[PDB]
Amino acid sequence: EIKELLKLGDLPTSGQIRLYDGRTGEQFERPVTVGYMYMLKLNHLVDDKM
Amino acid sequence: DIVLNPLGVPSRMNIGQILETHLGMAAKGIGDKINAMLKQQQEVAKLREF
Amino acid sequence: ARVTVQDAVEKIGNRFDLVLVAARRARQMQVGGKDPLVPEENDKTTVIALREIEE
Amino acid sequence: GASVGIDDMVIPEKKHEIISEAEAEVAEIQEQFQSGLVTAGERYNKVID
Amino acid sequence: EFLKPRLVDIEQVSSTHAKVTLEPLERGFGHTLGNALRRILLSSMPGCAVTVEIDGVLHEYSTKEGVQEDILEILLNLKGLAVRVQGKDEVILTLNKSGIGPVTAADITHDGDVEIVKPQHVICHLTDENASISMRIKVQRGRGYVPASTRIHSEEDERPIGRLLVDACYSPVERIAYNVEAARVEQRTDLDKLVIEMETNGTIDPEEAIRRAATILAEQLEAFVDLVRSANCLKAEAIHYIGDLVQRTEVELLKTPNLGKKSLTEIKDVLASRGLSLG
Amino acid sequence: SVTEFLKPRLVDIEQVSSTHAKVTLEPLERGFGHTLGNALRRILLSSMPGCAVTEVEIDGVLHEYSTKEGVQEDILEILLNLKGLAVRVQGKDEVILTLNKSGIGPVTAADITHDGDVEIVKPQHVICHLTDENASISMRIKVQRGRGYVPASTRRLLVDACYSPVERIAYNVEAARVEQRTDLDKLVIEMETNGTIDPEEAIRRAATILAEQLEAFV
Amino acid sequence: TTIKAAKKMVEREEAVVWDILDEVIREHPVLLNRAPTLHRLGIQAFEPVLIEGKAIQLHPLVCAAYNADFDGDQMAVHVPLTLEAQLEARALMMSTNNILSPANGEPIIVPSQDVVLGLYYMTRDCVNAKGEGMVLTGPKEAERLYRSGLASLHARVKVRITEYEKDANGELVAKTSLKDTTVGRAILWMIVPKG
Amino acid sequence: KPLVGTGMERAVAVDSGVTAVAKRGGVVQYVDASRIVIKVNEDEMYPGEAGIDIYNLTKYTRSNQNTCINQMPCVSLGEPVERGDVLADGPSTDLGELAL
RNA sequence: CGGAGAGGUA
Ligand SMILES: [Mg+2]
């Protein structure tokens with residue numbers, strides 16, 4: 001069902017896309033997985049610990 | 001936005017962050033096809049079908 | 001560049017008296033103004049003292 | 001750029017055949033113990049093997 | 001022997017989506033120039049951003065009446081305002097509206113040297129006819145990202161309670177998408193084109209951004225070589241600077257009727273610190 | 001101040017004796033360290049004028065897997081000594097030389113014919129070793145002018161011409177601190193050459209080539 | 001002029017005190033230590049490097065000794081004062097002097113999780129790749145070949161190397177021959193020392 | 001509003017006290033950054049002088065862990081509200097859904 | 001410029 005959802009929109013069904021370097025403009029081999037993950041921010045700041 | 005370490009996945013077996021990454025990219029692709037139909041004028045008839 | 005002290009400790013194989021002789025030598029350089037037996041590259045008395053015992 | 005995806009963990013093609021063969025063995029080797037041939041202790045040491 | 005590139009075509013999909021082309025390119029120069037221009041368009045590009053005082057507020061953590069949004073939320077959506085200024089580098093806009101209804105960017109002042117790119121940008125919402133909002137949007141011009149937290153010098157001037165600092169994000173470029181590919185035959189193979197696909201918030205021109213990043217790149221490649229009563233008493237004698245008064249002793253200044261009692265006392269107080277008027 | 005970018009002050013230029021230097025650009029802006037460092041790096045290796053050896057034929061051998069008596073090395077091994085040879089050539093495009101010599105001892109670069117404009121920069125470079133008093137070596141080396149590296153498959157024995165006169169280049173971005181600012185790059189470029197041109201002058205070459213590619217925009 | 005004058009200068013943080021702080025930081029080692037100090041390898045001496053921020057940077061090779069990952073670990077810093085304390089930090093507990101564990105002569109500076117994978121990718125040997133079956137004049141030509149996009153990192157190629165051998169009484173015989181290897185292994189040879 | 005969820009985001013958000021659930025239905029008569037006014041229906045109003053409902057949204061305050069606790073309205077004038085609908089989004093809330 | 005208890009981090 002995830003692959004079928006990736007086929008409705010124009011997106012690669014494999015899930016892994018091919019990225020380029022940002023400092024050298026080169027192409028990385030072994031195309032990597034790129035997506036959207038939901039990250040959280042814990043209440044452990046460096047200002048309250050230094 | 002985020003560059004995670006891929007070698008942390010096989011050590012601690014948490015595959016849920018791999019399917020969520022694929023499913024999160026899929027959910028964004030359905031949000032880009034609608035944003036395209038909303039950035040430019042499109043009848044509600046086309047939006048009710050997709 | 002005082003990265004390691006391998007060649008220093010190979011001469012005198014104690015690693016304890018070296019700190020003692022270097023503390024007295026570096027103190028004579030700091031306490032009283034003097035020219036180091038070796039040229040300086042904006043270093044301190046500790047680095048100059050260990051660099052002197054290298055020979 | 002050595003990433004890790006969902007397709008990088010391939011399931012063997014005969015995994016379903018081994019499990020189906022394994023559950024078929026247990027479905028009849030357990031009944032052999034009920035006939036009084038082997039004890040529950042030795043049967044326990046057999047199913048785990 | 002190198003076929004230098006030329007700005008061939010500039011496409012325009014919308015007011016924000018552009019597509020430029022750089023041809024002809026030699027071998028190994030597509031990625032060499034594509035990446036080098038992308039690293040400048042994203043990093044440093046001039047732009048304008050809101051740097052605003054509301055009438056009935058004292059801090060962004062307060063709340064006004066007749067407004068559905070929040071004071072901090074108002075300062076949040078003012079950040080994403082596409083402003084274009086060509087005349088000066090420091091403008092002060094004004095937004096006044098009353099009555100039930102949303103508050104878009106059209107309602108803001110219509111200064112001659114201020115162009116609003118997205119007039120339908122919703123800024124606030126009014127919910128009572130007996131209410132009004134009045135603010136002065138101080139717009140500036142710069143490059144990069146500068147947060148309001150860095151404005152804690154407290155050695156230049158002080159700000160009233162009414163002033164509210166906002167995070168400055170004057171960077172019009174959003175993303176750069178170049179792609180090298182084989183060009184036409186051109187009676188000579190091994191020629192590639194560079195198709196840059198930029199995107200901005202309608203506050204910059206495609207040509208004006210490529211001719212500007214390349215200028216910055218060439219500007220860095222040149223490093224390729226080997227290696228008032230008290231003051232009025234002194235101003236009466238055509239002496240305005242402290243150097244003219246310090247050149248003469250305090251005795252010589254006291255022998256003139258232009259100096260007064262308050263001026264002599266102020267000069268003596270400044271001389272007590274051994275800073276000036278030391279003969 | 002909207003276009004007031006900092007300029008690096010190369011206060012230190014340390015170089016090894018003959019064919020190795022180490023330039024340190026400082027201070028640069030945030031992100032220009034990798035920008036400028038990689039811009040000249042890709043050009044230095046992939047687009048650099050120079051002359052090298054393209055094809056050499058043997059007067060009595062027409063195969064790679066062969067051998068000649070009296071030679072301590074092999075025919076595949078002597079190809080490397082022809083690749084590692086650095087030759088500076090005049091405005092002429094190409095010219096063929098020879099290695100006609102019969103004698104006991106290592107064959108150095110001084111045994112090659114002068115051939116006028118052909119100026120060998122490393123006369124100490126040894127091509128092959130000879131041990132018999134009658135074993136004679138003879139070949140026809142053909143130089144050519146190009147830009148970059150051309151392998152054998154991209155193209156008498158073939159020779160992978162290394163036109164680029166730079167052996168290696170690897171920049172290294174570091175951190176430099178202004179009186180108050182600290183997040184500024186510090187470029188450190190390390191590069192070795194093949195003796196044809198000094199590495200210090202090699203930077204000015206590619207930097208000029210890249211500066212000429214931006215004339216239609218500036 | 002006086003002790004009070006210097007305090008107000010540091011208090012206002014003039015642009016000149018930063019270049020004066022760099023003087024003492026240059027050759028004054030500091031001691032780093034974490035909470036669970038089990039063995040003696042948990043307190044080592046390092047040279048401070050001023051960096052903007054509020055976080056300490058620890059070399060990713062001594063993390064094995066400290067047993068400290070990067071999920072929220074904290075450490076404590078200590079600054080020696082006297083001459084003897086500074087000399088003991090350099091000659092007895094310097095990070096470049098404690099590479100062998102006190103329990104066994106085996107090293108403790110083994111890298112992992114990004115260095116052992118990276119070198120495994122260079123030293124890898126593919127079957128069919130662009131550049132297979134060619135000849136390179138050494139490791140320097142291999143680096144030029146790979147970065148130019150002309151050959152893969154894992155492709156068999158005969159490369160000539162000059163490996164010194166100090167097995168004699170001070171003499172180093174410079175053996176030169178043609179070894180069969182790949183592009184990746186050849187580039188890595190530019191790091192391996194003479195002996 | 002996390003795109004990948006388990007459907008248990010509205011349950012936690014509504015059962016918590018950080019939101020402002022509409023007691024009785026009606027139509028929003030006056031929405032505000034700190035107040036909400038909804039005209040209750042004719043049936044949902046008590047017989048003897050019922051009136052309306054007024055919700056006073058909390059402003060910027062501090063929690064036990066020194067964190068900001070404020071609500072934000074998510075309705076508009078004229079919008080018909082029904083009993084049980086969410087009228088404000090407190091800390092970590094997006095249209096009546098948990099978002100951390 | 002304290003004493004107990006609770007929670008949390010490595
Ligand atoms: Mg830990």
# chains A, B, ... in the order shown; residues from 1 in each chain; ligands from 1
call {"tool": "residues_around", "arguments": {"residues": "residue 251 in chain E", "least_positions_apart": "5", "cutoff": "12 Å", "atoms": "only C-alpha atoms (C1' of nucleotides)", "output": "list in words"}}
result
residues 245, 246, 256, 259, 264, 267, 268, 277, 278 and 279 of chain E
call {"tool": "residues_around", "arguments": {"residues": "range 17-28 of chain H", "least_positions_apart": "6", "cutoff": "7 Å", "atoms": "only C-alpha atoms (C1' of nucleotides)", "output": "list in words"}}
result
residues 37, 38, 39, 40, 41, 44, 76, 77, 78, 79, 80, 81, 82, 83, 84, 85, 86, 87, 88, 89, 90 and 91 of chain H
call {"tool": "write_last_selection", "arguments": {"atoms": "N, CA and C atoms", "output": "CSV table (one decimal), in the first residue's frame"}}
result
chain,number,residue,atom,x,y,z
H,37,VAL,N,-16.9,33.9,21.8
H,37,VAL,CA,-18.3,34.1,22.0
H,37,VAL,C,-19.1,33.4,20.9
H,38,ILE,N,-19.9,32.4,21.4
H,38,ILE,CA,-20.7,31.6,20.5
H,38,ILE,C,-22.2,31.8,20.9
H,39,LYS,N,-23.1,32.1,20.0
H,39,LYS,CA,-24.5,32.2,20.3
H,39,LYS,C,-25.1,30.8,20.3
H,40,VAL,N,-25.5,30.4,21.5
H,40,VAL,CA,-26.1,29.0,21.6
H,40,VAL,C,-27.4,28.9,20.9
H,41,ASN,N,-27.8,27.7,20.5
H,41,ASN,CA,-29.0,27.5,19.7
H,41,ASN,C,-30.2,27.7,20.6
H,44,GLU,N,-30.6,24.3,22.9
H,44,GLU,CA,-29.6,24.0,23.9
H,44,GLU,C,-29.5,25.1,25.0
H,76,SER,N,-13.8,31.0,13.2
H,76,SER,CA,-14.0,32.3,12.6
H,76,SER,C,-15.4,32.7,12.8
H,77,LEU,N,-15.7,34.0,12.5
H,77,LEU,CA,-17.1,34.5,12.7
H,77,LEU,C,-18.0,33.9,11.7
H,78,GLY,N,-19.2,33.5,12.2
H,78,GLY,CA,-20.2,32.9,11.4
H,78,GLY,C,-20.1,31.4,11.3
H,79,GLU,N,-19.0,30.8,11.7
H,79,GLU,CA,-18.8,29.4,11.6
H,79,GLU,C,-19.7,28.6,12.6
H,80,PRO,N,-20.6,27.8,12.2
H,80,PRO,CA,-21.5,27.0,13.1
H,80,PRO,C,-20.7,26.0,13.8
H,81,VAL,N,-20.7,26.1,15.2
H,81,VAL,CA,-20.0,25.1,16.0
H,81,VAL,C,-21.0,24.2,16.6
H,82,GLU,N,-20.6,22.9,16.7
H,82,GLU,CA,-21.4,21.9,17.3
H,82,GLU,C,-20.8,21.4,18.6
H,83,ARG,N,-21.7,20.8,19.5
H,83,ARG,CA,-21.2,20.3,20.8
H,83,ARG,C,-20.1,19.3,20.6
H,84,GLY,N,-19.0,19.6,21.3
H,84,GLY,CA,-17.8,18.7,21.2
H,84,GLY,C,-16.7,19.2,20.3
H,85,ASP,N,-16.9,20.3,19.6
H,85,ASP,CA,-15.9,20.8,18.7
H,85,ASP,C,-14.8,21.5,19.5
H,86,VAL,N,-13.6,21.5,19.0
H,86,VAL,CA,-12.5,22.2,19.6
H,86,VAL,C,-12.4,23.6,19.1
H,87,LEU,N,-12.3,24.6,20.1
H,87,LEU,CA,-12.3,26.0,19.8
H,87,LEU,C,-10.9,26.7,19.9
H,88,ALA,N,-9.9,26.0,20.5
H,88,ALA,CA,-8.6,26.6,20.7
H,88,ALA,C,-7.6,25.5,20.7
H,89,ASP,N,-6.4,25.8,20.3
H,89,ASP,CA,-5.3,24.9,20.3
H,89,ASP,C,-4.2,25.4,21.3
H,90,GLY,N,-4.0,24.6,22.4
H,90,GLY,CA,-3.0,25.0,23.4
H,90,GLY,C,-1.6,24.6,23.0
H,91,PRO,N,-0.8,24.3,24.0
H,91,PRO,CA,0.6,23.8,23.7
H,91,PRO,C,0.6,22.5,23.0
call {"tool": "residues_near_ligand", "arguments": {"ligand": "ligand 1", "cutoff": "12 Å", "atoms": "only C-alpha atoms (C1' of nucleotides) and all ligand atoms", "output": "list in words"}}
result
residues 34, 35, 36, 63, 64, 66, 67, 68, 69, 70, 71, 72, 73, 74 and 75 of chain G; 9 and 10 of chain I
call {"tool": "write_last_selection", "arguments": {"atoms": "C-alpha atoms (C1' of nucleotides)", "output": "PDB file, in the first residue's frame"}}
result
ATOM      1  CA  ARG G  34      33.593  12.085  32.347  1.00  0.00           C
ATOM      2  CA  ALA G  35      31.465  10.948  35.292  1.00  0.00           C
ATOM      3  CA  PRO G  36      32.092   7.148  35.283  1.00  0.00           C
ATOM      4  CA  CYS G  63      35.700   8.055  22.667  1.00  0.00           C
ATOM      5  CA  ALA G  64      36.490   4.344  23.027  1.00  0.00           C
ATOM      6  CA  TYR G  66      36.153   7.468  27.632  1.00  0.00           C
ATOM      7  CA  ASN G  67      33.272   5.140  26.631  1.00  0.00           C
ATOM      8  CA  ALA G  68      31.233   8.199  25.629  1.00  0.00           C
ATOM      9  CA  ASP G  69      28.724   8.272  22.777  1.00  0.00           C
ATOM     10  CA  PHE G  70      26.986  11.411  21.495  1.00  0.00           C
ATOM     11  CA  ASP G  71      23.426  11.022  22.811  1.00  0.00           C
ATOM     12  CA  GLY G  72      23.740  13.528  25.663  1.00  0.00           C
ATOM     13  CA  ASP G  73      26.958  12.667  27.483  1.00  0.00           C
ATOM     14  CA  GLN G  74      28.670  15.387  29.516  1.00  0.00           C
ATOM     15  CA  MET G  75      32.259  15.731  30.709  1.00  0.00           C
TER      16      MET G  75
ATOM     17  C1'   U I   9      19.856  12.624  32.338  1.00  0.00           C
ATOM     18  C1'   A I  10      24.724   9.783  30.963  1.00  0.00           C
TER      19        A I  10
END
call {"tool": "residues_around", "arguments": {"residues": "residue 8 in chain A", "least_positions_apart": "6", "cutoff": "12 Å", "atoms": "only C-alpha atoms (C1' of nucleotides)", "output": "MDAnalysis selection string"}}
result
(chainID A and resid 1:2) or (chainID B and resid 26:34 50)
call {"tool": "select_by_dssp", "arguments": {"residues": "range 61-210 of chain E", "states": "helix (DSSP H, G or I)", "output": "JSON, numbers by chain"}}
result
{"E": [71, 72, 73, 74, 75, 76, 77, 148, 149, 150, 206, 207, 208, 209, 210]}
call {"tool": "write_last_selection", "arguments": {"atoms": "C-alpha atoms", "output": "short mmCIF file (atom, residue, chain, number, x, y, z; two decimals), in the first residue's frame"}}
result
data_model
loop_
_atom_site.label_atom_id
_atom_site.label_comp_id
_atom_site.auth_asym_id
_atom_site.auth_seq_id
_atom_site.Cartn_x
_atom_site.Cartn_y
_atom_site.Cartn_z
CA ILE E 71 0.74 39.85 18.82
CA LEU E 72 3.56 37.32 18.48
CA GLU E 73 1.65 35.66 15.63
CA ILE E 74 1.42 39.06 13.92
CA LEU E 75 5.20 39.39 14.23
CA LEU E 76 5.43 35.84 12.82
CA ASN E 77 3.49 36.45 9.58
CA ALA E 148 16.97 39.68 16.65
CA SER E 149 18.94 38.09 19.50
CA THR E 150 22.19 39.54 18.12
CA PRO E 206 16.79 35.77 -12.60
CA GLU E 207 19.35 37.67 -14.68
CA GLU E 208 20.09 40.10 -11.84
CA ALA E 209 20.94 37.13 -9.58
CA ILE E 210 23.21 35.16 -11.94
#
call {"tool": "interface_residues", "arguments": {"of": "chain A", "to": "chain F", "cutoff": "12 Å", "atoms": "only C-alpha atoms", "output": "list in words"}}
result
residues 21, 22, 23, 24, 25 and 26 of chain A
call {"tool": "interface_residues", "arguments": {"of": "chain E", "to": "chain G", "cutoff": "12 Å", "atoms": "only C-alpha atoms", "output": "PyMOL selection string"}}
result
chain E and resi 27-29+32+153-155
call {"tool": "write_last_selection", "arguments": {"atoms": "C-alpha atoms", "output": "PDB file, in the first residue's frame"}}
result
ATOM      1  CA  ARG E  27      33.938  18.989 -20.458  1.00  0.00           C
ATOM      2  CA  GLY E  28      33.862  19.000 -16.668  1.00  0.00           C
ATOM      3  CA  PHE E  29      32.616  22.599 -16.519  1.00  0.00           C
ATOM      4  CA  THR E  32      32.130  22.970 -11.844  1.00  0.00           C
ATOM      5  CA  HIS E 153      24.824  45.505  21.922  1.00  0.00           C
ATOM      6  CA  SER E 154      23.253  48.147  24.212  1.00  0.00           C
ATOM      7  CA  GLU E 155      26.122  50.514  23.417  1.00  0.00           C
TER       8      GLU E 155
END
call {"tool": "atom_distance", "arguments": {"atom1": "CA of residue 214 in chain E", "atom2": "CA of residue 34 in chain E"}}
result
10.9 Å
call {"tool": "residues_around", "arguments": {"residues": "range 121-133 of chain E", "least_positions_apart": "2", "cutoff": "7 Å", "atoms": "only C-alpha atoms (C1' of nucleotides)", "output": "VMD selection string"}}
result
(chain E and resid 66 to 69 74 77 to 78 96 to 105 118 to 119 135) or (chain H and resid 30 to 31)
call {"tool": "atom_distance", "arguments": {"atom1": "CA of residue 52 in chain G", "atom2": "CA of residue 45 in chain C"}}
result
28.4 Å
call {"tool": "residues_around", "arguments": {"residues": "residue 183 in chain G", "least_positions_apart": "5", "cutoff": "7 Å", "atoms": "only C-alpha atoms (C1' of nucleotides)", "output": "MDAnalysis selection string"}}
result
chainID G and resid 142 153:157
call {"tool": "residues_around", "arguments": {"residues": "range 8-19 of chain B", "least_positions_apart": "5", "cutoff": "9 Å", "atoms": "only C-alpha atoms (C1' of nucleotides)", "output": "JSON, numbers by chain"}}
result
{"A": [2, 33, 37], "B": [24], "D": [4, 5, 6]}
call {"tool": "closest_atom_pairs", "arguments": {"of": "chain G", "to": "chain C", "cutoff": "8 Å", "atoms": "only C-alpha atoms", "output": "Markdown table"}}
result
| residue | atom | partner | partner_atom | distance |
| --- | --- | --- | --- | --- |
| G:26 | CA | C:43 | CA | 7.6 |
| G:27 | CA | C:44 | CA | 6.4 |
| G:83 | CA | C:23 | CA | 5.9 |
| G:84 | CA | C:23 | CA | 5.8 |
| G:86 | CA | C:46 | CA | 7.4 |
| G:87 | CA | C:19 | CA | 6.0 |
| G:88 | CA | C:19 | CA | 6.6 |
| G:90 | CA | C:5 | CA | 7.9 |
| G:91 | CA | C:5 | CA | 6.5 |
| G:92 | CA | C:15 | CA | 7.4 |
| G:96 | CA | C:4 | CA | 6.2 |
| G:97 | CA | C:4 | CA | 6.6 |
call {"tool": "interface_residues", "arguments": {"of": "chain E", "to": "chain A", "cutoff": "10 Å", "atoms": "only C-alpha atoms", "output": "list in words"}}
result
residues 30, 31, 32, 33, 34, 35, 36, 38 and 39 of chain E
call {"tool": "interface_residues", "arguments": {"of": "chain A", "to": "chain H", "cutoff": "10 Å", "atoms": "only C-alpha atoms", "output": "ChimeraX atom specification"}}
result
/A:36-43
call {"tool": "write_last_selection", "arguments": {"atoms": "N, CA and C atoms", "output": "CSV table (one decimal), in the first residue's frame"}}
result
chain,number,residue,atom,x,y,z
A,36,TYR,N,10.4,12.2,4.7
A,36,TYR,CA,10.0,13.1,5.7
A,36,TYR,C,9.7,12.4,7.0
A,37,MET,N,10.6,12.7,8.0
A,37,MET,CA,10.4,12.1,9.3
A,37,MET,C,10.0,13.1,10.3
A,38,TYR,N,9.3,12.7,11.4
A,38,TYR,CA,8.7,13.6,12.4
A,38,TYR,C,9.7,13.6,13.6
A,39,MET,N,10.5,14.6,13.7
A,39,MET,CA,11.5,14.7,14.7
A,39,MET,C,11.0,15.5,15.9
A,40,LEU,N,11.5,15.3,17.1
A,40,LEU,CA,11.1,15.9,18.3
A,40,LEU,C,12.3,16.6,18.9
A,41,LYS,N,12.0,17.6,19.8
A,41,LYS,CA,13.0,18.4,20.5
A,41,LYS,C,12.8,18.2,22.0
A,42,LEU,N,13.8,17.5,22.6
A,42,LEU,CA,13.7,17.2,24.1
A,42,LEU,C,14.1,18.5,24.8
A,43,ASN,N,13.7,18.6,26.1
A,43,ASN,CA,14.0,19.7,26.9
A,43,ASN,C,15.3,19.6,27.6
